[PDB]
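Below is one structure, written out as structure tokens; the observations come after it.
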Amino acid sequence: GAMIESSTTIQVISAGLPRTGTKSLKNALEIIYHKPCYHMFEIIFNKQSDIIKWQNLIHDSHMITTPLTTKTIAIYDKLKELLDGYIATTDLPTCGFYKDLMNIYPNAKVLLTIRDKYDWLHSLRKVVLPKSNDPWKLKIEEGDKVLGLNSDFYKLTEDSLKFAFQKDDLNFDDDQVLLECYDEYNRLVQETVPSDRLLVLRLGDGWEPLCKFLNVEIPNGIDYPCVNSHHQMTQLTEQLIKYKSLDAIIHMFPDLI
Ligand SMILES: Nc1ncnc2c1ncn2[C@@H]1O[C@H](COP(=O)(O)O)[C@@H](OP(=O)(O)O)[C@H]1O
Ligand SMILES: CCN(CC)CCNc1ccc(CO)c2sc3ccccc3c(=O)c12
């Protein structure tokens, strides 16, 4: 196809929860658009200084009104500022703001990444939210310290998930609670977003439906990304602990990071 000059603004809002292929999707959008896509990894590796800013936004987000009041404009401006220079959003903490992002970026299209709820839960427990008594939790915390992630990071991740599920009293150790929130969250996205503006991507769907939805060619000779498996994250955590730095090992994780 012909090459056209794309605007550096949010063009794709992905409402999918972590462990549904968000990092692969982030990489896929960057291959298409040649500009950055937001993700929790963007905070971890490039934008740790914005942790407090995401926290402040969540703190004020209860004051959002779905016309537009004056308090919502202030919140919307901080969201737009946080995303300046990016062409898409995926993952926490952005995903729970999908409805507000649709208002801020009226010409952006919306994606929902989904998968089997039990596969999701098991992936979540291995990587990002182990049960409190799971010994692997202590390894995650040790690797996090190597990356410079402290208590404010843990607050932001939890608070952003509570915001996405619209539930402050969240028993993170309760599998049935989490599964119920996952199903209700995905149902609400599909009920909320007009179907002309939504594409639901199940894990493994690949380039095709995404590229058709976005009116772009499939990137020639590039396989759709497959990164961030729970096995690969376990290796990343163990390698961070072993070497005590990211830069000692980053060349071993060329696409994940
Ligand atoms: N192209 C692809 N095909 C199949 N699964 C994929 C994929 N890209 C990512 N995944 C899976 O999506 C999960 C990562 O999601 P996220 O990046 O949102 O955390 C991992 O699940 P598992 O932990 O079950 O392996 C990973 O294996
Ligand atoms: C050594 C491993 N370290 C660094 C890589 C894990 C860093 N942690 C996270 C990474 C990515 C994501 C979402 O992509 C989440 S989401 C979430 C949601 C609720 C609670 C915690 C988390 C969470 O801790 C996390």
Side-chain angles (χ1 to χ4, degrees), residues 1-43 45-47 76 79-116 119-120 123 160 164 182 185-229 254-257:
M3 301 302 296
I4 69 172
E5 197 176 353
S6 167
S7 177
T8 308
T9 192
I10 297 295
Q11 291 188 46
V12 181
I13 301 160
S14 182
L17 292 164
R19 312 312 296 172
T20 61
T22 65
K23 185 53 165 75
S24 291
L25 177 60
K26 174 204 199 289
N27 285 17
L29 295 165
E30 292 179 356
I31 292 162
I32 291 167
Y33 288 104
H34 312 296
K35 291 293 188 174
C37 177
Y38 219 85
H39 191 267
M40 187 66 75
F41 281 31
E42 175 71 10
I43 296 179
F45 299 110
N46 291 325
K47 294 283 182 97
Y76 282 10
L79 240 188
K80 209 167 181 182
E81 167 199 336
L82 275 160
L83 299 172
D84 181 68
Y86 296 87
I87 47 75
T89 62
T90 69
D91 201 5
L92 293 171
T94 66
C95 66
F97 291 95
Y98 69 90
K99 172 150 49 56
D100 310 296
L101 291 166
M102 287 166 64
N103 293 326
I104 297 161
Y105 304 101
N107 305 294
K109 298 187 109 173
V110 187
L111 301 178
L112 177 65
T113 50
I114 63 174
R115 75 189 293 191
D116 182 88
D119 289 344
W120 171 80
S123 188
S160 73
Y182 177 80
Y185 177 91
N186 290 330
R187 187 204 68 76
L188 186 61
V189 175
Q190 300 174 81
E191 186 205 351
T192 298
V193 183
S195 62
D196 292 336
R197 206 176 164 178
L198 188 63
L199 171 62
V200 182
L201 289 165
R202 194 164 288 275
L203 257 194
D205 275 357
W207 283 121
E208 183 105 358
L210 174 66
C211 290
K212 272 175 192 156
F213 187 63
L214 301 179
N215 290 303
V216 299
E217 296 269 18
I218 298 176
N220 176 67
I222 306 167
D223 286 349
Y224 188 88
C226 190
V227 296
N228 206 17
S229 68
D255 301 312
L256 177 61
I257 303 171

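Values below: all heavy atoms of this structure, side chains included; hydrogens, waters and symmetry mates excluded. Residues: numbered from 1 along the sequence shown.
Between the side chain of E30 and the backbone N or O of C37 there is at least one donor-acceptor pair closer than 3.5 Å. A distance-only check finds no donor-acceptor pair linking the side chain of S14 to the backbone of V110 [under 3.5 Å]. Side-chain atoms of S123 do not come within 3.5 Å of backbone N or O of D119 as any donor-acceptor pair. Judged purely by atom type and a 3.5 angstrom limit, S24 uses its side chain to pair as donor or acceptor with the backbone of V227. Checked by atom type and distance alone, the side chain of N27 pairs as donor or acceptor with a backbone atom of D255 at under 3.5 Å.
With rounding to the nearest 0.5 Å, the separation of OG in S7 from CG in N107 is 9.5 Å. Annotation: the span from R19 atom CZ to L203 atom CG amounts to 9.5 Å, rounded to 0.5 Å. Taken from CG in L111 to CG in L198, the straight-line distance is 7.5 Å, to the nearest 0.5 Å. Taking OG1 from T90 and CG from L25, the interatomic distance works out to 6.0 Å, rounded to the nearest 0.5 Å. Taking OH from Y182 and CG from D116, the interatomic distance works out to 7.5 Å, rounded to the nearest 0.5 Å. Atoms CD and CD1, from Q190 and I114 in turn, are 6.0 Å apart once rounded to the nearest 0.5 Å.
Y224 and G206 make their closest contact through CD1-C, 3.6 Å (heavy atoms, listed as atom of the first residue, atom of the second, distance). Across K23 and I257, no two heavy atoms sit closer than the pair NZ-N, 4.4 Å. Nearest heavy atoms, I31 versus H34: O-CE1, 3.2 Å. When all heavy atoms of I222 and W207 are compared, the pair lying nearest together is O-NE1, 2.8 Å. For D196 against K109, the heavy-atom pair with the smallest separation is O-CE, 4.2 Å. Closest approach of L17 to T22, counting heavy atoms only: O-CG2, 3.4 Å.
In this structure the side chain of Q11 reaches within 4.5 angstrom of the side chain of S6, judged on heavy atoms. The side-chain heavy atoms of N228 and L256, taken from C-beta on, include a pair separated by under 4.5 Å. Considering only heavy atoms from C-beta on, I32 comes within 4.5 Å of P219 through its side chain.
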Side-chain donor/acceptor pairs under 3.5 Å, residues 97-105, sequence neighbours excluded:
{"unit_1": "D100", "atom_1": "OD1", "unit_2": "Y76", "atom_2": "OH", "d": "2.9"}
{"unit_1": "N103", "atom_1": "ND2", "unit_2": "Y76", "atom_2": "OH", "d": "3.2"}

*Step by step, would you call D205 with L210 a side-chain contact (heavy atoms from CB on, under 4.5 Å)?*
CA-CA 8 Å; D205 275 357; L210 174 66; over 6 Å; no
_Checking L214 against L199 for the side-chain contact (heavy atoms from CB on, under 4.5 Å) test, could you report, in this order, the C-alpha distance in whole Å, the side-chain angles of both residues, the deciding distance, and whether it holds?_
CA-CA 10 Å; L214 301 179; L199 171 62; over 6 Å; no
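Other residues, nucleotides and ligands contribute at most 12 non-hydrogen atoms within 6.0 Å of the CD atom of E217.
Annotation: side-chain hydrogen bond (donor to acceptor under 3.5 Å, both in side chains) contacts of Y86 (sequence neighbours excluded): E42, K47.
Residues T20 and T113 have side chains that bring a donor and an acceptor to within less than 3.5 angstrom of each other.
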